[PDB]
Amino acid sequence: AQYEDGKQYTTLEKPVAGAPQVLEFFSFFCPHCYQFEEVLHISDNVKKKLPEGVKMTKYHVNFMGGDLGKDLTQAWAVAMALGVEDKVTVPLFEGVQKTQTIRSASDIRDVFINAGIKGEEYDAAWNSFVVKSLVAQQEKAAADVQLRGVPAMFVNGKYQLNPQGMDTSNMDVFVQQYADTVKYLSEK
């Protein structure tokens, strides 16, 4: 076939019921995740080819960057609760990987302040039980597929994208293959 299990995707041994339709995992410490966000705009190109009625979910993970990795998962929960993902994603990636100016929770906080979220509003979110549960959801989703690497994408809790089995001479071609693969799995 043109799309083959073990080539552009793999199938989970143990499917996950009730899972988000399109579920993406990343870390601000993850170098390919940086590429996926800033150079390839994967999430965006996937969305544009996804059918209507389909929601996309993106979660942060703990297993990179130790203590700061965890702070970053809580900050992404904050971002999700306030709906400010699209204003903090780039400065978080660059602060962690490019300028290396994020070294503490306070520095993560500075990124939000500079993006215009109010101190009072950020700290209230940071400490809220709504953010606690949102952190819990991020962890449980990763645990459900026993995630040990990012970037990662899962479609309907059953299929996992396999970018290693796609061509990388051309960044544009890679992205479309990736997105078309998501769509095919979507329709499966």
# chains A, B, ... in the order shown; residues from 1 in each chain; ligands from 1
$ closest_atom_pairs --of "region 125-173 of chain A" --to "region 77-95 of chain A" --cutoff "10 Å" --atoms "only C-alpha atoms" --output "JSON lines"
{"residue": "A:125", "atom": "CA", "partner": "A:78", "partner_atom": "CA", "distance": 5.9}
{"residue": "A:126", "atom": "CA", "partner": "A:78", "partner_atom": "CA", "distance": 6.0}
{"residue": "A:127", "atom": "CA", "partner": "A:78", "partner_atom": "CA", "distance": 9.2}
{"residue": "A:128", "atom": "CA", "partner": "A:78", "partner_atom": "CA", "distance": 9.0}
{"residue": "A:130", "atom": "CA", "partner": "A:81", "partner_atom": "CA", "distance": 7.7}
{"residue": "A:131", "atom": "CA", "partner": "A:77", "partner_atom": "CA", "distance": 5.6}
{"residue": "A:132", "atom": "CA", "partner": "A:77", "partner_atom": "CA", "distance": 8.0}
{"residue": "A:133", "atom": "CA", "partner": "A:77", "partner_atom": "CA", "distance": 8.7}
{"residue": "A:134", "atom": "CA", "partner": "A:77", "partner_atom": "CA", "distance": 5.6}
{"residue": "A:135", "atom": "CA", "partner": "A:77", "partner_atom": "CA", "distance": 5.8}
{"residue": "A:136", "atom": "CA", "partner": "A:77", "partner_atom": "CA", "distance": 9.4}
{"residue": "A:137", "atom": "CA", "partner": "A:77", "partner_atom": "CA", "distance": 9.3}
{"residue": "A:138", "atom": "CA", "partner": "A:77", "partner_atom": "CA", "distance": 8.2}
$ residues_around --residues "residue 165 (chain A)" --least-positions-apart "6" --cutoff "8 Å" --atoms "only C-alpha atoms" --output "list in words"
residues 7, 8 and 9 of chain A
$ select_by_dssp --residues "region 7-167 of chain A" --states "strand (DSSP E)" --output "short mmCIF file (atom, residue, chain, number, x, y, z; two decimals) with N, CA and C atoms, in the first residue's frame"
data_model
loop_
_atom_site.label_atom_id
_atom_site.label_comp_id
_atom_site.auth_asym_id
_atom_site.auth_seq_id
_atom_site.Cartn_x
_atom_site.Cartn_y
_atom_site.Cartn_z
N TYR A 9 3.71 5.57 9.90
CA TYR A 9 3.08 5.51 11.21
C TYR A 9 3.28 4.13 11.81
N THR A 10 2.97 4.01 13.09
CA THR A 10 2.97 2.73 13.76
C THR A 10 1.62 2.62 14.43
N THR A 11 1.22 1.40 14.76
CA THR A 11 -0.05 1.23 15.45
C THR A 11 0.24 0.89 16.90
N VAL A 22 -6.66 14.40 17.52
CA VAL A 22 -5.27 14.68 17.16
C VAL A 22 -4.53 15.19 18.39
N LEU A 23 -3.61 14.37 18.88
CA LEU A 23 -2.89 14.64 20.11
C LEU A 23 -1.39 14.76 19.87
N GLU A 24 -0.85 15.94 20.11
CA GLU A 24 0.56 16.24 19.89
C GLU A 24 1.30 16.45 21.23
N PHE A 25 2.47 15.82 21.38
CA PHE A 25 3.30 16.02 22.57
C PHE A 25 4.62 16.70 22.22
N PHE A 26 5.03 17.66 23.06
CA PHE A 26 6.29 18.36 22.87
C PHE A 26 6.95 18.74 24.20
N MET A 56 -7.66 19.73 17.70
CA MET A 56 -6.26 19.44 17.92
C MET A 56 -5.83 19.78 19.33
N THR A 57 -5.13 18.85 19.96
CA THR A 57 -4.64 19.04 21.31
C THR A 57 -3.12 18.98 21.35
N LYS A 58 -2.51 19.90 22.09
CA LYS A 58 -1.06 19.86 22.24
C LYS A 58 -0.66 19.91 23.70
N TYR A 59 0.12 18.92 24.14
CA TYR A 59 0.56 18.86 25.53
C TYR A 59 2.09 18.86 25.73
N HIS A 60 2.51 19.46 26.83
CA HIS A 60 3.90 19.49 27.22
C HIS A 60 4.22 18.25 28.04
N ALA A 152 5.83 14.08 19.22
CA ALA A 152 5.05 12.88 19.01
C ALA A 152 3.66 13.32 18.66
N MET A 153 3.03 12.58 17.75
CA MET A 153 1.64 12.83 17.42
C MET A 153 0.88 11.51 17.37
N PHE A 154 -0.33 11.52 17.91
CA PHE A 154 -1.18 10.33 17.99
C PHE A 154 -2.53 10.68 17.40
N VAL A 155 -3.06 9.81 16.53
CA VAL A 155 -4.38 10.04 15.95
C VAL A 155 -5.40 9.04 16.50
N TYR A 159 -3.08 5.54 16.40
CA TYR A 159 -1.93 5.59 15.51
C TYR A 159 -0.90 6.63 15.94
N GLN A 160 0.37 6.34 15.69
CA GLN A 160 1.44 7.25 16.08
C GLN A 160 2.27 7.59 14.85
N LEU A 161 2.40 8.88 14.58
CA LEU A 161 3.15 9.34 13.42
C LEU A 161 4.58 8.87 13.51
#
$ closest_residue --among "A:39, A:179, A:61, A:115" --to "residue 140 (chain A)" --atoms "only C-alpha atoms"
A:61
$ closest_residue --among "A:33, A:166, A:185, A:75" --to "residue 112 (chain A)" --atoms "only C-alpha atoms"
A:75
$ select_by_dssp --residues "chain A" --states "helix (DSSP H, G or I)" --output "compact mmCIF listing (two decimals) with N, CA, C and O atoms, in the first residue's frame"
# COMPACT_ATOMS: atom_id res chain seq x y z
N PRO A 31 14.77 19.66 20.75
CA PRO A 31 15.29 20.34 19.55
C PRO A 31 14.42 20.16 18.31
O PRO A 31 14.23 21.14 17.58
N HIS A 32 13.93 18.96 18.03
CA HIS A 32 13.06 18.80 16.86
C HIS A 32 11.73 19.51 17.07
O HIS A 32 11.10 19.96 16.11
N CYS A 33 11.30 19.63 18.33
CA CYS A 33 10.06 20.33 18.66
C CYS A 33 10.20 21.81 18.29
O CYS A 33 9.30 22.44 17.75
N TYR A 34 11.36 22.36 18.58
CA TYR A 34 11.67 23.73 18.15
C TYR A 34 11.53 23.90 16.63
O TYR A 34 10.90 24.86 16.13
N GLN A 35 12.13 22.98 15.91
CA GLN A 35 12.03 22.91 14.45
C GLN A 35 10.56 22.78 14.02
O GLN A 35 10.08 23.55 13.19
N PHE A 36 9.84 21.82 14.62
CA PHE A 36 8.42 21.57 14.32
C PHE A 36 7.58 22.83 14.47
O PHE A 36 6.62 23.06 13.70
N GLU A 37 7.90 23.61 15.50
CA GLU A 37 7.19 24.86 15.75
C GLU A 37 7.70 26.02 14.87
O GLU A 37 6.92 26.61 14.11
N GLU A 38 8.99 26.31 14.91
CA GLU A 38 9.46 27.54 14.27
C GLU A 38 9.83 27.44 12.80
O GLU A 38 9.63 28.39 12.05
N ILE A 42 4.37 22.53 11.82
CA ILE A 42 3.67 21.26 11.70
C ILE A 42 2.22 21.35 12.15
O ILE A 42 1.31 21.01 11.39
N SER A 43 2.01 21.80 13.39
CA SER A 43 0.64 21.87 13.94
C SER A 43 -0.25 22.63 12.99
O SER A 43 -1.38 22.21 12.67
N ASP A 44 0.30 23.72 12.47
CA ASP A 44 -0.49 24.58 11.63
C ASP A 44 -0.85 23.92 10.30
O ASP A 44 -1.99 24.01 9.85
N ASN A 45 0.11 23.25 9.69
CA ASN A 45 -0.12 22.64 8.39
C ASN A 45 -1.00 21.40 8.50
O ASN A 45 -1.76 21.09 7.58
N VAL A 46 -0.91 20.72 9.63
CA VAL A 46 -1.82 19.61 9.90
C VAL A 46 -3.26 20.12 9.96
O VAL A 46 -4.13 19.60 9.27
N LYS A 47 -3.48 21.15 10.77
CA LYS A 47 -4.82 21.73 10.94
C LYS A 47 -5.51 22.07 9.63
O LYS A 47 -6.68 21.73 9.40
N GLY A 66 14.45 18.03 33.64
CA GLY A 66 14.29 17.92 35.08
C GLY A 66 13.28 18.87 35.71
O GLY A 66 12.11 18.91 35.33
N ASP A 67 13.75 19.65 36.68
CA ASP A 67 12.89 20.52 37.47
C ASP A 67 12.19 21.59 36.61
O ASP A 67 10.98 21.85 36.74
N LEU A 68 12.95 22.16 35.69
CA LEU A 68 12.44 23.18 34.78
C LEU A 68 11.45 22.58 33.79
O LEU A 68 10.50 23.24 33.38
N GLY A 69 11.69 21.33 33.41
CA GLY A 69 10.77 20.62 32.54
C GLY A 69 9.37 20.56 33.12
O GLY A 69 8.39 20.78 32.42
N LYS A 70 9.29 20.24 34.41
CA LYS A 70 8.03 20.24 35.16
C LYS A 70 7.38 21.62 35.27
O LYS A 70 6.16 21.75 35.17
N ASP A 71 8.18 22.65 35.57
CA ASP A 71 7.68 24.03 35.63
C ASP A 71 7.06 24.40 34.29
O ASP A 71 6.05 25.12 34.23
N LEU A 72 7.71 23.95 33.22
CA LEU A 72 7.25 24.26 31.88
C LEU A 72 5.94 23.56 31.59
O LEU A 72 5.11 24.08 30.85
N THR A 73 5.75 22.37 32.14
CA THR A 73 4.46 21.68 31.93
C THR A 73 3.37 22.47 32.67
O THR A 73 2.26 22.64 32.14
N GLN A 74 3.65 22.94 33.88
CA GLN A 74 2.66 23.78 34.59
C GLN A 74 2.38 25.11 33.85
O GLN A 74 1.22 25.55 33.77
N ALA A 75 3.42 25.73 33.29
CA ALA A 75 3.25 26.98 32.56
C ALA A 75 2.45 26.77 31.28
O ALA A 75 1.71 27.66 30.85
N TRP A 76 2.63 25.62 30.63
CA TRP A 76 1.82 25.34 29.46
C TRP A 76 0.34 25.15 29.88
O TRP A 76 -0.58 25.57 29.18
N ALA A 77 0.10 24.52 31.04
CA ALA A 77 -1.26 24.43 31.59
C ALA A 77 -1.82 25.85 31.79
O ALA A 77 -2.97 26.10 31.47
N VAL A 78 -1.00 26.76 32.33
CA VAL A 78 -1.39 28.17 32.45
C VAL A 78 -1.72 28.77 31.09
O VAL A 78 -2.76 29.42 30.93
N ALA A 79 -0.84 28.56 30.12
CA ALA A 79 -1.08 29.03 28.76
C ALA A 79 -2.41 28.51 28.22
O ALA A 79 -3.19 29.26 27.62
N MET A 80 -2.67 27.22 28.42
CA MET A 80 -3.93 26.62 27.93
C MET A 80 -5.15 27.24 28.61
O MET A 80 -6.11 27.61 27.94
N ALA A 81 -5.10 27.39 29.93
CA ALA A 81 -6.22 27.96 30.69
C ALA A 81 -6.54 29.38 30.26
O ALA A 81 -7.71 29.75 30.17
N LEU A 82 -5.51 30.18 29.96
CA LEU A 82 -5.74 31.58 29.62
C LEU A 82 -5.92 31.76 28.13
O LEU A 82 -6.24 32.85 27.66
N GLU A 85 -1.55 30.35 24.33
CA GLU A 85 -0.55 29.50 23.69
C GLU A 85 0.19 30.19 22.57
O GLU A 85 1.41 30.09 22.46
N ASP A 86 -0.55 30.89 21.71
CA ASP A 86 0.07 31.46 20.53
C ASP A 86 0.91 32.70 20.85
O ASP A 86 1.66 33.14 19.99
N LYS A 87 0.90 33.19 22.08
CA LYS A 87 1.77 34.33 22.38
C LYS A 87 3.01 33.94 23.16
O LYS A 87 3.96 34.74 23.24
N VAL A 88 3.03 32.74 23.73
CA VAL A 88 4.16 32.38 24.59
C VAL A 88 4.99 31.25 23.99
O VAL A 88 6.11 31.00 24.42
N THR A 89 4.44 30.58 22.98
CA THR A 89 5.12 29.42 22.43
C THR A 89 6.49 29.80 21.87
O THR A 89 7.49 29.18 22.17
N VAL A 90 6.54 30.83 21.05
CA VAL A 90 7.83 31.18 20.47
C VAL A 90 8.84 31.70 21.54
O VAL A 90 9.97 31.20 21.61
N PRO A 91 8.46 32.68 22.39
CA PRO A 91 9.44 33.11 23.41
C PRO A 91 9.87 32.03 24.40
O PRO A 91 10.99 32.10 24.93
N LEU A 92 9.02 31.05 24.67
CA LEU A 92 9.46 29.94 25.53
C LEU A 92 10.52 29.10 24.81
O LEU A 92 11.58 28.80 25.37
N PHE A 93 10.27 28.72 23.57
CA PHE A 93 11.26 27.95 22.81
C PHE A 93 12.61 28.71 22.71
O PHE A 93 13.69 28.17 22.95
N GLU A 94 12.54 29.98 22.36
CA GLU A 94 13.77 30.75 22.17
C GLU A 94 14.47 31.01 23.50
O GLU A 94 15.70 31.02 23.57
N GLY A 95 13.68 31.21 24.56
CA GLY A 95 14.27 31.45 25.87
C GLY A 95 14.97 30.22 26.40
O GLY A 95 16.03 30.33 26.99
N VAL A 96 14.39 29.05 26.18
CA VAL A 96 15.05 27.81 26.56
C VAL A 96 16.22 27.42 25.63
O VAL A 96 17.30 27.09 26.12
N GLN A 97 16.01 27.43 24.31
CA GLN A 97 17.01 26.85 23.38
C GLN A 97 17.90 27.86 22.63
O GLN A 97 19.03 27.51 22.26
N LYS A 98 17.42 29.09 22.39
CA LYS A 98 18.22 30.02 21.59
C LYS A 98 19.01 30.96 22.50
O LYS A 98 20.23 30.87 22.56
N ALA A 105 11.55 29.21 37.21
CA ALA A 105 10.14 29.50 37.08
C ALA A 105 9.92 31.00 36.90
O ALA A 105 9.02 31.42 36.16
N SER A 106 10.73 31.81 37.58
CA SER A 106 10.57 33.27 37.48
C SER A 106 10.82 33.73 36.04
O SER A 106 10.09 34.60 35.51
N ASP A 107 11.84 33.17 35.40
CA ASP A 107 12.11 33.51 34.02
C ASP A 107 10.98 33.08 33.09
O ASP A 107 10.65 33.78 32.13
N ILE A 108 10.38 31.92 33.36
CA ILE A 108 9.21 31.49 32.55
C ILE A 108 8.14 32.55 32.71
O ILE A 108 7.58 33.04 31.73
N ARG A 109 7.87 32.92 33.97
CA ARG A 109 6.91 33.96 34.26
C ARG A 109 7.18 35.27 33.49
O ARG A 109 6.24 35.89 32.95
N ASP A 110 8.45 35.69 33.42
CA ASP A 110 8.81 36.92 32.69
C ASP A 110 8.32 36.90 31.24
O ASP A 110 7.87 37.92 30.69
N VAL A 111 8.43 35.72 30.62
CA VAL A 111 7.97 35.54 29.24
C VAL A 111 6.48 35.87 29.10
O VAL A 111 6.06 36.55 28.16
N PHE A 112 5.68 35.39 30.04
CA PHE A 112 4.25 35.71 30.04
C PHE A 112 3.99 37.21 30.27
O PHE A 112 3.12 37.82 29.62
N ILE A 113 4.71 37.80 31.23
CA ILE A 113 4.57 39.23 31.56
C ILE A 113 4.87 40.09 30.33
O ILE A 113 4.11 40.99 29.97
N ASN A 114 5.98 39.78 29.69
CA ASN A 114 6.40 40.44 28.47
C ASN A 114 5.40 40.22 27.32
O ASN A 114 5.27 41.07 26.43
N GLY A 119 0.60 40.06 35.91
CA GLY A 119 1.24 39.35 37.01
C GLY A 119 0.24 38.60 37.86
O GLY A 119 0.30 37.37 38.01
N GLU A 120 -0.69 39.39 38.39
CA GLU A 120 -1.86 38.96 39.14
C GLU A 120 -2.63 37.83 38.45
O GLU A 120 -2.97 36.82 39.07
N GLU A 121 -2.81 37.95 37.14
CA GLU A 121 -3.54 36.95 36.38
C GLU A 121 -2.74 35.66 36.21
O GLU A 121 -3.27 34.56 36.37
N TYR A 122 -1.45 35.79 35.90
CA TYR A 122 -0.55 34.64 35.80
C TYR A 122 -0.38 33.86 37.10
O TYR A 122 -0.48 32.64 37.12
N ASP A 123 -0.09 34.56 38.20
CA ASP A 123 0.13 33.88 39.46
C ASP A 123 -1.14 33.22 39.96
O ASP A 123 -1.08 32.21 40.64
N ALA A 124 -2.28 33.83 39.68
CA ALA A 124 -3.55 33.24 40.10
C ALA A 124 -3.77 31.94 39.33
O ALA A 124 -4.07 30.91 39.92
N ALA A 125 -3.62 31.99 38.01
CA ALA A 125 -3.65 30.78 37.19
C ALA A 125 -2.63 29.74 37.68
O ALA A 125 -3.00 28.57 37.92
N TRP A 126 -1.36 30.13 37.81
CA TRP A 126 -0.29 29.23 38.26
C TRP A 126 -0.70 28.39 39.47
O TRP A 126 -0.35 27.20 39.56
N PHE A 129 -6.42 25.32 41.03
CA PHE A 129 -6.77 23.91 40.87
C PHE A 129 -7.16 23.55 39.44
O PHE A 129 -7.03 22.40 39.04
N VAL A 130 -7.62 24.53 38.67
CA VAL A 130 -7.93 24.29 37.27
C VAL A 130 -6.64 23.97 36.52
O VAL A 130 -6.60 23.04 35.70
N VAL A 131 -5.57 24.69 36.83
CA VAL A 131 -4.26 24.38 36.28
C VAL A 131 -3.71 23.04 36.81
O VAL A 131 -3.16 22.26 36.03
N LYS A 132 -3.86 22.76 38.10
CA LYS A 132 -3.53 21.43 38.64
C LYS A 132 -4.14 20.28 37.82
O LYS A 132 -3.46 19.29 37.52
N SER A 133 -5.43 20.37 37.51
CA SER A 133 -6.10 19.30 36.76
C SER A 133 -5.58 19.27 35.32
O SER A 133 -5.49 18.21 34.71
N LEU A 134 -5.26 20.44 34.79
CA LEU A 134 -4.79 20.54 33.41
C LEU A 134 -3.39 19.93 33.28
O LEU A 134 -3.08 19.27 32.29
N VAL A 135 -2.56 20.11 34.31
CA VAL A 135 -1.28 19.40 34.43
C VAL A 135 -1.51 17.87 34.52
O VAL A 135 -0.82 17.08 33.85
N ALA A 136 -2.45 17.47 35.36
CA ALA A 136 -2.85 16.07 35.49
C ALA A 136 -3.23 15.47 34.14
O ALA A 136 -2.88 14.32 33.87
N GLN A 137 -3.96 16.23 33.32
CA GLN A 137 -4.40 15.72 32.02
C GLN A 137 -3.22 15.52 31.10
O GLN A 137 -3.15 14.52 30.38
N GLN A 138 -2.29 16.48 31.11
CA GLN A 138 -1.08 16.36 30.29
C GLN A 138 -0.30 15.12 30.64
O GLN A 138 0.13 14.37 29.75
N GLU A 139 -0.12 14.88 31.94
CA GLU A 139 0.60 13.70 32.38
C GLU A 139 -0.15 12.41 32.02
O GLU A 139 0.46 11.45 31.51
N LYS A 140 -1.46 12.38 32.27
CA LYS A 140 -2.21 11.15 32.03
C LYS A 140 -2.22 10.77 30.55
O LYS A 140 -2.05 9.60 30.22
N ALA A 141 -2.38 11.75 29.67
CA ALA A 141 -2.30 11.47 28.24
C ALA A 141 -0.94 10.88 27.84
O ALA A 141 -0.89 9.89 27.10
N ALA A 142 0.15 11.45 28.34
CA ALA A 142 1.48 10.91 28.04
C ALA A 142 1.63 9.50 28.61
O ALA A 142 2.15 8.60 27.94
N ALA A 143 1.18 9.31 29.85
CA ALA A 143 1.24 8.01 30.51
C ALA A 143 0.44 6.95 29.74
O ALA A 143 0.88 5.81 29.62
N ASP A 144 -0.71 7.34 29.22
CA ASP A 144 -1.57 6.42 28.46
C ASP A 144 -0.88 5.76 27.27
O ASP A 144 -1.20 4.62 26.93
N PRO A 163 7.77 10.09 11.74
CA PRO A 163 8.48 11.02 10.84
C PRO A 163 9.81 10.48 10.32
O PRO A 163 10.26 10.93 9.26
N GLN A 164 10.42 9.53 11.03
CA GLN A 164 11.66 8.90 10.55
C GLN A 164 11.46 8.15 9.23
O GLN A 164 12.41 8.00 8.47
N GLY A 165 10.22 7.73 8.95
CA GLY A 165 9.92 7.03 7.70
C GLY A 165 9.39 7.96 6.61
O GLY A 165 8.71 7.52 5.68
N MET A 171 12.14 20.37 3.25
CA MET A 171 11.34 20.62 4.43
C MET A 171 9.84 20.74 4.13
O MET A 171 9.01 20.26 4.89
N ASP A 172 9.52 21.40 3.03
CA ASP A 172 8.16 21.56 2.55
C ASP A 172 7.49 20.22 2.24
O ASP A 172 6.35 19.98 2.60
N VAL A 173 8.23 19.35 1.56
CA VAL A 173 7.74 18.04 1.19
C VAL A 173 7.54 17.19 2.44
O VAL A 173 6.56 16.43 2.54
N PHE A 174 8.44 17.34 3.40
CA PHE A 174 8.31 16.60 4.66
C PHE A 174 7.02 16.96 5.40
O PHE A 174 6.27 16.10 5.85
N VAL A 175 6.79 18.26 5.53
CA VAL A 175 5.60 18.77 6.20
C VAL A 175 4.31 18.26 5.56
O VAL A 175 3.40 17.83 6.27
N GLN A 176 4.22 18.31 4.24
CA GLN A 176 2.99 17.87 3.56
C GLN A 176 2.76 16.38 3.71
O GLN A 176 1.62 15.93 3.91
N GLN A 177 3.84 15.62 3.63
CA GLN A 177 3.75 14.18 3.81
C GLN A 177 3.22 13.87 5.20
O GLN A 177 2.33 13.03 5.38
N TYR A 178 3.76 14.60 6.17
CA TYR A 178 3.36 14.50 7.56
C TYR A 178 1.88 14.83 7.71
O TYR A 178 1.11 14.06 8.29
N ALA A 179 1.47 15.96 7.15
CA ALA A 179 0.09 16.42 7.29
C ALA A 179 -0.89 15.46 6.57
O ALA A 179 -1.92 15.10 7.13
N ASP A 180 -0.56 15.09 5.34
CA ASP A 180 -1.34 14.12 4.56
C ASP A 180 -1.45 12.79 5.28
O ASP A 180 -2.45 12.10 5.18
N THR A 181 -0.39 12.43 6.01
CA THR A 181 -0.44 11.20 6.77
C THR A 181 -1.44 11.34 7.90
O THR A 181 -2.23 10.42 8.13
N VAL A 182 -1.44 12.48 8.58
CA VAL A 182 -2.40 12.71 9.66
C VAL A 182 -3.82 12.61 9.14
O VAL A 182 -4.69 12.01 9.78
N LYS A 183 -4.06 13.21 7.97
CA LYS A 183 -5.38 13.23 7.36
C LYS A 183 -5.84 11.82 7.01
O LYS A 183 -6.96 11.42 7.34
N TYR A 184 -4.96 11.05 6.37
CA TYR A 184 -5.26 9.65 6.01
C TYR A 184 -5.66 8.85 7.26
O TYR A 184 -6.66 8.14 7.26
N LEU A 185 -4.87 8.98 8.32
CA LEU A 185 -5.16 8.29 9.59
C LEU A 185 -6.45 8.77 10.22
O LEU A 185 -7.22 8.00 10.78
N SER A 186 -6.67 10.08 10.11
CA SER A 186 -7.90 10.72 10.53
C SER A 186 -9.11 10.02 9.93
O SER A 186 -10.05 9.70 10.64
N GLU A 187 -9.04 9.72 8.64
CA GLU A 187 -10.14 9.16 7.85
C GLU A 187 -10.24 7.65 7.96
O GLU A 187 -11.21 7.03 7.52
$ atom_distance --atom1 "CA of residue 12 (chain A)" --atom2 "CA of residue 151 (chain A)"
16.5 Å
$ atom_distance --atom1 "CA of residue 156 (chain A)" --atom2 "CA of residue 48 (chain A)"
17.8 Å
$ decode --residues "region 108-125 of chain A" --atoms "N, CA and C atoms" --output "tab-separated table (two decimals), in the first residue's frame"
chain	number	residue	atom	x	y	z
A	108	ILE	N	10.38	31.92	33.36
A	108	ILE	CA	9.21	31.49	32.55
A	108	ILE	C	8.14	32.55	32.71
A	109	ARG	N	7.87	32.92	33.97
A	109	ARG	CA	6.91	33.96	34.26
A	109	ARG	C	7.18	35.27	33.49
A	110	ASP	N	8.45	35.69	33.42
A	110	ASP	CA	8.81	36.92	32.69
A	110	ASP	C	8.32	36.90	31.24
A	111	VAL	N	8.43	35.72	30.62
A	111	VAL	CA	7.97	35.54	29.24
A	111	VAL	C	6.48	35.87	29.10
A	112	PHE	N	5.68	35.39	30.04
A	112	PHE	CA	4.25	35.71	30.04
A	112	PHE	C	3.99	37.21	30.27
A	113	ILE	N	4.71	37.80	31.23
A	113	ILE	CA	4.57	39.23	31.56
A	113	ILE	C	4.87	40.09	30.33
A	114	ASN	N	5.98	39.78	29.69
A	114	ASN	CA	6.40	40.44	28.47
A	114	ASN	C	5.40	40.22	27.32
A	115	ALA	N	4.67	39.11	27.36
A	115	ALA	CA	3.65	38.84	26.33
A	115	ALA	C	2.34	39.51	26.71
A	116	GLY	N	2.32	40.22	27.84
A	116	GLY	CA	1.15	41.00	28.19
A	116	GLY	C	0.13	40.36	29.12
A	117	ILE	N	0.41	39.16	29.60
A	117	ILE	CA	-0.42	38.58	30.65
A	117	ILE	C	-0.06	39.26	31.97
A	118	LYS	N	-1.06	39.61	32.76
A	118	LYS	CA	-0.82	40.39	33.97
A	118	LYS	C	-0.29	39.49	35.09
A	119	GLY	N	0.60	40.06	35.91
A	119	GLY	CA	1.24	39.35	37.01
A	119	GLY	C	0.24	38.60	37.86
A	120	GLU	N	-0.69	39.39	38.39
A	120	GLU	CA	-1.86	38.96	39.14
A	120	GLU	C	-2.63	37.83	38.45
A	121	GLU	N	-2.81	37.95	37.14
A	121	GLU	CA	-3.54	36.95	36.38
A	121	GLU	C	-2.74	35.66	36.21
A	122	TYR	N	-1.45	35.79	35.90
A	122	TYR	CA	-0.55	34.64	35.80
A	122	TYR	C	-0.38	33.86	37.10
A	123	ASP	N	-0.09	34.56	38.20
A	123	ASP	CA	0.13	33.88	39.46
A	123	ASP	C	-1.14	33.22	39.96
A	124	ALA	N	-2.28	33.83	39.68
A	124	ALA	CA	-3.55	33.24	40.10
A	124	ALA	C	-3.77	31.94	39.33
A	125	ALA	N	-3.62	31.99	38.01
A	125	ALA	CA	-3.65	30.78	37.19
A	125	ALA	C	-2.63	29.74	37.68
